[PDB]
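Asks:
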Amino acid sequence: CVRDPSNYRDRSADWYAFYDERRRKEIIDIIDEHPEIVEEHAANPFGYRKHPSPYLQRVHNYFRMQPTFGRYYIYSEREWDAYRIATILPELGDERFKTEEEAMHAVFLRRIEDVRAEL
Amino acid sequence: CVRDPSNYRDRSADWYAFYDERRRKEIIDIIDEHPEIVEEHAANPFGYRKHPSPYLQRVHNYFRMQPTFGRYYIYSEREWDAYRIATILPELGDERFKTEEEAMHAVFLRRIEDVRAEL
Amino acid sequence: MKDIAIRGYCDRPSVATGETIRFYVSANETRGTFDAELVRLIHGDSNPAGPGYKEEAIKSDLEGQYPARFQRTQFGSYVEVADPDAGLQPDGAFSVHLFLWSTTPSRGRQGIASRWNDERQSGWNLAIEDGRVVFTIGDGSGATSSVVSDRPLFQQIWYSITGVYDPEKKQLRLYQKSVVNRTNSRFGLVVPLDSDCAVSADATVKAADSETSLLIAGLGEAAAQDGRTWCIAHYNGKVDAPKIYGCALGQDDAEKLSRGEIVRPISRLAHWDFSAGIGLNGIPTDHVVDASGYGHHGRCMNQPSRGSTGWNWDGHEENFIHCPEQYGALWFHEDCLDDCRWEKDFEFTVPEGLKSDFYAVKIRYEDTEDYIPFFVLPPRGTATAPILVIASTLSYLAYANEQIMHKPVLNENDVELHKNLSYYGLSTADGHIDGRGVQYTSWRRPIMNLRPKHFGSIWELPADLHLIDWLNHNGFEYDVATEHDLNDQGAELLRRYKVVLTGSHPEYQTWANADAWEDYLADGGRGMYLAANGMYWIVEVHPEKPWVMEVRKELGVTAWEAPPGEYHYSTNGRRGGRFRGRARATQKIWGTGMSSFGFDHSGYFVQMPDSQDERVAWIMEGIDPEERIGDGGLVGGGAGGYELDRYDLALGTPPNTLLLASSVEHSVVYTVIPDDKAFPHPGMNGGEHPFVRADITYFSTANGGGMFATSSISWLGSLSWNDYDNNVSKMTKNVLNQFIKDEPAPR
Amino acid sequence: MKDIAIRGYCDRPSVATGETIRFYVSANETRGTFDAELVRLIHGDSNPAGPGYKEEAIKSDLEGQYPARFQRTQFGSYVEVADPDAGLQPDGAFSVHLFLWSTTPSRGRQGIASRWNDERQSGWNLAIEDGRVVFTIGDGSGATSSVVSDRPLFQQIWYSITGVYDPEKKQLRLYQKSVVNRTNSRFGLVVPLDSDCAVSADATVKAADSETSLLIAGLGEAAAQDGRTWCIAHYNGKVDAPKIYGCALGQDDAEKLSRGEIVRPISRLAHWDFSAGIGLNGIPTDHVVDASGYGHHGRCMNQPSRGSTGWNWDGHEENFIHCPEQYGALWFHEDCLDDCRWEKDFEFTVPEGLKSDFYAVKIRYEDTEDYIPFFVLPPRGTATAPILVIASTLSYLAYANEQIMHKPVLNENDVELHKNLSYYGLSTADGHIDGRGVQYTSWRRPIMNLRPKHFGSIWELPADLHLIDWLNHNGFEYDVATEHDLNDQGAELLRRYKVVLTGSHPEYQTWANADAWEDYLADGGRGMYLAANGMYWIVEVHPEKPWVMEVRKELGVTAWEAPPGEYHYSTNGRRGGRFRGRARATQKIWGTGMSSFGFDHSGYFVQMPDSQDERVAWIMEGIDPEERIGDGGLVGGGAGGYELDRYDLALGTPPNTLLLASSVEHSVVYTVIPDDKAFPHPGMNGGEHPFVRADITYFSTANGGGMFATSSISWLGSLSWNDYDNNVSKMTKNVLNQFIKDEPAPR
Amino acid sequence: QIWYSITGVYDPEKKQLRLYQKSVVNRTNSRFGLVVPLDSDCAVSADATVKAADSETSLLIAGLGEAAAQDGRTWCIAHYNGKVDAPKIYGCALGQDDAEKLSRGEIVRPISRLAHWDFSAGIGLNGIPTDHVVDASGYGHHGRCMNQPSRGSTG
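Residue numbers (PDB author numbering), protein chains in the order written: chain D, 8 to 95, 101 to 131; chain B, 8 to 95, 101 to 131; chain A, 1 to 407, 419 to 465, 469 to 761; chain C, 1 to 407, 419 to 465, 469 to 761; chain G, 156 to 310.
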C-alpha cells in the first residue's frame, strides 16, 4: 500500500541530472570547437540586422531555458546612466557598463564560465 | 457595396510570391556555398545515427513545406524489389533503385534541379 | 501500375463462436468468378531483414467459387424524404424556404432541396449552378423553366432563400437575403454587404411528378427503382430547417421567414426540424422529424454532421444539448461514406473448434489477391488462455483509407485510394473538400491500408502482427479481443484474464474503455502497455450504427481542429476532446503518456539508476547493466522512436512508479507536443529539451497487480531483431513470464 | 540599493468632470510628510535617443503636504464569517466536517477552518502542520489540547476530515478519509491508497471565546479591533462545504458525511454551501450563503476562485452553471489581493476647465519621486474633440505588477516587487505558488510598472504616451477614454467622435467592447489599429467590484493554462477563453489579427504591389516607392516587431481589404503561434515560415468610414525617430488627416 | 400601484436639487395596462440653499428616522406602503439621460456607486430564508430586514 508522501519522490530528477550532464558536455564542445561565436556575440548581442549563427543560436537556446537561467539580471536606476549585473535581496557586481550591450556580453561570458566550472 | 465575389481576390498571394522569391534565392545561395550537403545526404538520407547539418536541416525545412512538396512519391509493388519515382494519374519514371535511400537521394537531387530551374 | 480489381469488407469486426459474419465483395466489372479461402495471419511485415510473411490456411466451409460483380456505392451526404403518394409534389402554388451556408459555392452544380428527376427533367429543384441559386421546375418533356438570382453567393455566409411558384400569374419567383450576425458567418457586420435580390420569370411549364424521393442536399438521378433513389449533385455546406408551403408567398412573408418567424403554420406541407431529438445525451439517431405534423419524416444517409451551428447562433452557449434552438444545421459533405450498402456474396459461421486469433479471407481474382481481416473471439463468458491481446480497432478506423496523395512511400493500394475516391471513403486524419476534418469513420467499407502485406511508416494491423508473431514464436497461449468488444462489455471482459496486453498504437479509446482499464487495474489486474500515444483522443461509437465511430478534435497532436461551436459529440452530448483535458490523462491509468512525436528514425534506451534496484532485478535479469536496450529494429532502427511517452507526477503517475530507462539520441525533428507549451521558444525539439524522451516504467496496484509500460511505437518492431536474440525480447519475455504466474505481482 | 519609500493608488482609473477621485498613499514608516502635485503626462520614455521625459504642471486644488503613514495590507484569499454573539463557540460538544484539497501541504503551518485567537491560545481551529491535520482547542491561558492525524496528506487529493470535540469523555477525535474518484484528484483509482485514520487524544482544557471571526482558510491573528480580524496562516487549496454541528459525531456519522449525506439536519449550527447562487449569469457575488438557516452568512475576501471543481466531480459536465451540485469549492490562494483597503489620505474633485488627457499625482517624499496615474474624461455626453484615444486599461491590469524575479533589465521598481510581495500582488501573466496562474487582478492596489519613467519592450503606459506625444507635437486635438468607459457606455461613446485611435497593446478586451467596435465601424465609423495582438483574450469586468478584472486562459499564446473543469467565467456563466475560438477573431473586426511573436528586435516594412494603387494614393502621398517603412526606432530599431498580425480571409478579413505593406527580416526566434499549427514540425519559425509577417491593411465600411491597421507594436515606438521625419509618421499623419475631414473616407 | 422610476439628484457645483420621475409600466406589473394615455413623467429642479449634513442615524428603506441613534437603535416613524425594487446611491450627480438609462434597468456608472442593495441576492433553490440584504456594490453596507417585509415579491 501507499501511505506516507515522503517515502515517494520524483524519479524524473535522475533523468534531469543525466540530461544536464550530457547537455553541458555538448555545449562546452560546441564552444571549444567554434571560438568565433564569442566575438560574434560581442559584436552584436541582439542580432540587430545580422541574425546569429546556428551554433551561436544553439548556445543561446541552451542558456535561455535552464532552471539556473534566473540569475544574472542587468540592474539600473533612474539616476545612474550605467548598468550593473545583479546576481541572485540580490547582490550586485562591481564593474560598470555604459551600454547594455556590454552588459549582455558580460552576462554571456559569465555564463560560459559557469558552464565550464560545473564540469 | 460588396456585391460580387469575383470582384475580390485573395490579396495575400502577392506576398506569397514575394516570399517564395526571396526564399528560393536564399536556398540556392546556401546550396552553392556548401556543396558538401549533397555528399552528406547521399551518405545517410534518413539522418540515422548522424543528425544532419544545420544548413542541411534548413534545406529540408525549405523542401518539406512548399506547395510543390506534394510531388515525387516513391512507388513500389509487392513483387518488384525496385523503387521507382512517381511525378504528379502519376507519371512513373524510368530509373530503378534497389533501396529507398537511393530513391530518396535521387528525389533530393531532383528537387535541387527544380529550385534551380525556376529563377 | 498494378490495377487492383477486387475489394471487400465485413459487416462487423469481431465474431465469436456460433454466430455469423457476412462478407461483401465487389469487382471492377461483372464477369468471371473469384476464389476464396480462410487464412490465419501470423506475420504481415515482409521486410527482408525480418521474419517475412507468415500465414496458415484453415480448412472450413468458407472456400469455393462465387460469381464476381460490380456493386455501385452511394457516396456523399443527404437527407432522404420518402413520398410515394407525391404529396410533396403539389398541384398548384408552392413555396420552398431554407437557410443556406455554402462552403464551395463555385464547385460545379449543387442541389440544395429537390424532388427531381434528371433522366427526364421533371419535378422541381432549388439548385446552385454557376455560383447562383436557381429554382427550376420541369415536366419530363425536356422543357424546363428557371428563375436565376442576380447576386451570387459568398463563401460561408448565411442566406435565406425562398423559391415561389405561382400558377395564378404563371410566374416563378426567387428571394434571397443575407442573415449574418456577429458570430455565424465568415466575416462580420463591418462589411458593406449588398447580396439581396427579389427576381422573377415567367413559368412556361407545369411542375410534374418526378417519381423520386425528396432530397435535401442533392438531386435525383433517375426514377425510383426498387424503392431506392440515387443522389447525384451534392451540396457542400450547412442547411438549416427547410420547409415547403402549399401556397405562393410574398416579399413580406419571405422577409418574416428570414427572421425565423414561422409564417402561415396551417399552410405548411412539410417542415423538417433538424434539432428535434436533442436531449441530454446528444442526438444519436438518423431520424429527421417533420415538425409540421404530416408524417414526412426524414432519414440521414451517409452520416451528415449533426449538432452543428445554425443561422441564429450567437456564442453564449457552445453546447448544443443546452441550447438546442440555435443548432439546427447539417453540414452535408460531398464525400462522406458510412456504409457501402452492398449486396452479400457469402457468409460464414464460426465453428466450435476454432482458436481465437487474427484471421482473414484470401480473395483470389484473375491477377489480384486481396484480404479481408476479421477477428474471432472466445465463446461468450469463457476464456481459453491467460493472456488477452486487445486489437486496437478504433485506431484502425482512425487511419482507415488514409490518403496522402489526395492531401513518402506508396504501394498500389494508395493509387487506388487516389483513383477511386467514391468507393473507399476518407480517414479521420484527412480533410473534406470544404476544408474541414472528417469526424465520422466507418467499418462497413473497404479499408485498404488494413491488409498485412507491403521503414518510415508501417501500417496499423501489421504492427499488431509483430506482437502476434512474437507470441506465436515463443510458447505463449493467448486470446484476442477488440476495442469494440471492450466498449460493449466492460471490465467483466478483462477480469477473466491474468494479464492484458495492449496493441501497437491504441490511440483512440472510448470513455468506457478507459473506465474498464481503471476498474481492471484497480483490483488485482495486470497489464502491459507496449506502445505510445495510447489514450489521446476521446472517441464514441454510434449507438444505432455500431460500425460508425466519431471523434472531434482540438489543439493537440492533430490533423485538424473543430469549428468554434461544435466541440460536443452528437452520439452523446459529453465534451470529448482529448483525455488530458478531461482530468483523465494516460499517466493516471498506465503510468506514462504522450510527450513528443517525430518522423525520421528511432533511438535506443539507456538504463536509469532504478534499473539496478533489487526490487526490479526480475525485469533486467539477463541484461548487462552497461548495454543499450533496443538499438536496431525493423521500425526506424531502434526501440524508442516515432512517438514517445514520458513519466510525469503532475499529470498523475502513481507515486510508487519506477523509472527503469530512457530513450536518447533523438533528432531535432522530434517536436514537443502542443499540450506542454506555454510560450513557444526556440529549441522545443529533440536533443534540446527535457520532454523529448521515452520512459520505461513499472508500478504495482492493489491485490497483487501491476502495470508495465514501454512508451514507444517501435518497441514491437525490435522484438524480431537478430532472430529473436536481443534485449527487447528478453525484457518483454521476463515481464510476461512473470505476469502469468500465480504468485502476486512484485512491488 | 535605491529604497522605494512611498506608494499609492487610485480608487478608479478614469474620472469625468464634477466627480471625485481618492488617492490612498503609504510609506515604509510613520514619520514626516510628503508633497503632492498634479502633472500632465506627454512623453514617458526617458530613452536618450528619443524626445526625453516631458510633463506639465497644473495649478489645481490638490497640492500641499499630507502626513505620511504606514498602512498594513491584508494579503491572501479567505472567507470571513461575522460572529459577534459567539454563536459558533458552543458551550458543550461540537463537531466540524469539511472536504479538503491541498496543493502545498508542507509549506509551513496552514489553517483550514478556525475561530481562533493566536496572540493568546484560545478558541478552536483545524489546521495543517508537519504535513498532518491537527485539531486544536485552547482556553486562553496558553494551554491547549490537540489531536493529530496519523497518515499525512498527499498533494492535491480530496480528503474528508471530521474534527470532533467531546467533553463527556474529555476526548478529542479526528476522522480522516480520502474520497478520490476517477477525475477529481491528482491520481486515480489504480493506486492502493492507504490514507485513512481515526485517532483520539485527551481534552484537558475547555475551548474559550476567541473574540474573532470564523475564518475559512486562515487563523485569526489577534482579537477583533474595529470589527476586523487579521488572518495569518493562510491555506493553499480547495475547501468544499464546511459545517459545524452541536454534537459529538461518531464514526458512522463521519462515514455518512464522507459520502455526501447531510446527517442530523436539525443539529447543524452552520453549513456554508459555496455553490449557492449559481444561475445562468454565473455567480458574480461574494455572499457565501449559510445553507442551514441561522444567518451565519460569510463573505469572500480577496477573491478566491468561485466555481471550482468539487469533491464529487465526475467529468460529465464541465460548465458549472448547468451542474452546480458538483462545483462547491473555492481555491483560496495565499497570495491574492483585490483591494488594499487603505485609509484615505487626500481626494481631488475634477474642476470644470480641465482638458481630457493623461494625468498623474506626483508625490514627493524625502528622496523618492512617485507617480499615481489616472485619466480625465470629457464631460458626460459631450465630445470636445474629433479624435478619441482608447487607453488600454484592461491590459494595464493584465500586466500589473508583472513580477520577473519572482517568476533581462531591472530597475528599482522590480526588486521592490520582489522584496515586498505582500504590498503589491501578482499579475495575470504570473502564477500563484500552487502552480495555477493568476486569474483575478485589480486596480485598487499600487501598480508599480505603471509609473511613466525608466532597447527591449516598454511598459504599457509609456507605450501609449508615445502616441500622446506624437499627437501633441502635431496640432491634433484629442480626447481620452478608457476601456472601462467603453465597457460601461457602449458604442454611444464611440459615435460622438470621427476617428478613434487604439492604444499600443489592447490585448485583453471584453465582449461588450468588441460589440461596441463592431457597431461603431458598421455605421459610418473610422478607426486606427496602431498595434497588434489586438483582441486576443476575453476579459470580463466583475459586476459587484468594477475594479476587478477576470481572465481564464487556455492553450494559445499564454503563460498558464486553466485546469480541466474550470474554463467558464464566474462573473458570467460563459466560455470566454480567446476571441478566435468564439468565432470572433481579430480580423473579423479590425482587419488583421495575431500571427507571431518574439523578443529580440524589430524588422522593417517592404511595400506590396497595392502601394502603387490609386485608391490608396492618399496613404502613400510623400513616400518614394523604393523606401523602407520604419527602419530604426525606439522599440527594437524598427516598426514591425515583437508581435505581428496578418491578413487572413478564412478568419474573417473583409473582402475589400487592400494590403499596403508587409514586414521582413524577422529572426528564427519569432515563432508561429500555436493556433496555426496542425502538426508542429521544424521550420515553424520566423524567416522560415510564411505566417511570420506584419500586414498594413485598409478596408472601407459603409456610410463613409473605414479602418487602418498597422499590425505591429513598435509602430508607435518608431514615431519620434529622426526627429519626427520618417515614413511611419508621414503615413500615420496622412491617414489621420484624411480621417478627420468631413468628406467620407475613400473607397 | 403603478411602477415608477424615481431619481433624486443633488448638485453643489450648480447649487441645485433635481428630481426625475418616469413610469415603467409593462403589460403585467401594474394596476392598469398599456392602453391608457399615461402622462406621469417629470424632470424638475430647485435651489440648494443648505448642505446635507450628518443625520447621526441609520439609513432606512421605507421610513424616516425619529431622533439620534441612542444605544445603536434608530426608531422608524413614517412608514411607506408598497414595493421598492433595488435602491442605489451614486456618488455623483446624474443627468436626464442617465436617469433614462436607469429607468430601463441598465446599471449606469458602476464604479461610482456608493451602495446598491439587491433584494434578490440570496434566492437559491430553497427560497430566501434570511433577513440579510446584500450590498451589490461591494462596499459592505449590508442590510437587515426588520419586522418581516414580504420577500419574493414581483419586481
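Virtual Cβ for every residue (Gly too), placed ideally from N, Cα, C.
Give a yes or no on whether the minimum CB-CB distance between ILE266 of chain G and chain C is below 8 Å.
Replies: yes
Asks: If I measure Cβ to Cβ from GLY142 of chain A and keep anything under 7 Å in the same chain, skipping five residues before and after, which residues do I get?
Replies: Take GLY142 of chain A, set aside five residues on each side of it, and the residues of its chain with a beta-carbon closer than 7 Å to its own are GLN121, in chain order.
Asks: Output needed in chain order: residues of the stretch 611–633 of chain A with a Cβ under 8 Å from some Cβ in chain D.
Replies: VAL620, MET622, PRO623, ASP624
Asks: Measuring only the C-alpha atoms, how far is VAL15 of chain A from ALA664 of chain A?
Replies: 41 Å
Asks: Bridge partners of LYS243 of chain A, per DSSP?
Replies: A:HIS97, A:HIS271
Asks: Could you spell out where the beta strand (DSSP E) holding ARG509 of chain C opens and where it closes?
Replies: Run containing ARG509 of chain C: none; DSSP gives neither H nor E here.
Asks: Going by DSSP, which residues form a beta bridge with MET563 of chain C?
Replies: Bridge partners of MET563 of chain C: C:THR452, C:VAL555.
Asks: Return the bridge partner residues of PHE23 of chain A from the DSSP annotation.
Replies: A:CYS10, A:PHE346
Asks: When we look at the beta-carbon of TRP473 of chain A and count the other beta-carbons within 10 Å, is it buried (16 or more) or exposed?
Replies: buried
Asks: What residue range does the beta strand (DSSP E) around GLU369 of chain C cover?
Replies: 369–376
Asks: Closer than 7 Å between beta carbons: that is the criterion. Which residues of the stretch 58–73 of chain D meet it against chain B?
Replies: Taking 7 Å as the Cβ-Cβ cut-off against chain B, the residues of the stretch 58–73 of chain D that qualify are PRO61.
Asks: Just by C-beta distance, which residues in the stretch 111–127 of chain B are closer than 7 Å to chain A?
Replies: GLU112
Asks: Just reading off the alpha helix (DSSP H) that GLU427 of chain A is part of, what are its end residues?
Replies: Element bounds for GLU427 of chain A: 425–430.
Asks: In terms of alpha-carbon separation, which member of C:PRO560, C:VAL39, C:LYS747, C:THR667 lies closest to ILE637 of chain C?
Replies: C:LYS747
Asks: Check whether the stretch 276–288 of chain G and the stretch 253–262 of chain G touch, using three or more Cβ-Cβ pairs below 8 Å as the test.
Replies: no
Asks: List, in chain order, every chain C residue whose beta-carbon is nearer than 8 Å to that of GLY250 of chain G.
Replies: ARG380, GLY381
Asks: Just checking: is the beta-carbon of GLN155 of chain C within a distance shorter than 8 Å of some beta-carbon in chain D?
Replies: yes
Asks: Between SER584 of chain C and the ligand FMN, is there a pair consisting of the residue's CB and a ligand heavy atom that are separated by less than 7 Å?
Replies: With respect to the ligand FMN, the structure shown offers nothing to examine, as it has no ligands at all.
Asks: Under a Cβ-count criterion, where at least 16 other Cβ atoms within 10 Å of its own Cβ denotes burial, should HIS287 of chain A be classed as buried or exposed?
Replies: Classification of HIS287 of chain A: exposed, given that the 10 Å Cβ count is below 16.
Asks: Output needed for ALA208 of chain C: all residues of its chain with C-beta closer than 8 Å, excluding positions within five of it in sequence on either side, in chain order.
Replies: Contacts found: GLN89, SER122, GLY123, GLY138, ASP139, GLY140.
Asks: In three-state terms, what does DSSP make of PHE135 of chain A?
Replies: In the three-state scheme derived from DSSP, where H, G and I count as helix and E and B as strand, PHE135 of chain A is classed as strand.
Asks: What would DSSP say about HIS43 of chain A, mapped onto helix, strand or coil?
Replies: strand
Asks: Residues bridged to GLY442 of chain A by DSSP?
Replies: A:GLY448
Asks: Have a look at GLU334 of chain A and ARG456 of chain C and give me their C-alpha separation to the nearest angstrom.
Replies: Distance between the alpha carbons of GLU334 of chain A and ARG456 of chain C: 58 Å.
Asks: According to DSSP, is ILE390 of chain C part of a helix, a strand, or is it coil?
Replies: strand
Asks: Among A:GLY111, A:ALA385, A:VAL39, which has the Cα closest to the Cα of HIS234 of chain A?
Replies: Ranked by Cα distance from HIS234 of chain A, the first of A:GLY111, A:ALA385, A:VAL39 is A:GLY111.
Asks: Using 8 Å as the limit for Cβ to Cβ distance, is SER26 of chain C near chain B?
Replies: For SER26 of chain C, the answer is no, since every Cβ of chain B falls outside 8 Å of its Cβ.
Asks: Starting from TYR82 of chain B, find everything on chain A with Cβ-Cβ shorter than 7 Å and list it in chain order.
Replies: For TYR82 of chain B, the chain A residues whose Cβ falls inside 7 Å of its Cβ are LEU421, in order along the chain.
Asks: Can you tell me which of the three DSSP states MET608 of chain A falls into?
Replies: Residue state for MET608 of chain A is assigned as strand, using DSSP reduced to three classes.
Asks: Any idea what DSSP makes of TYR522 of chain A, helix, strand or coil?
Replies: DSSP places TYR522 of chain A within a strand segment (E or B) once states are collapsed to three.
Asks: Closer than 8 Å, CB to CB, is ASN670 of chain C near chain B or not?
Replies: yes
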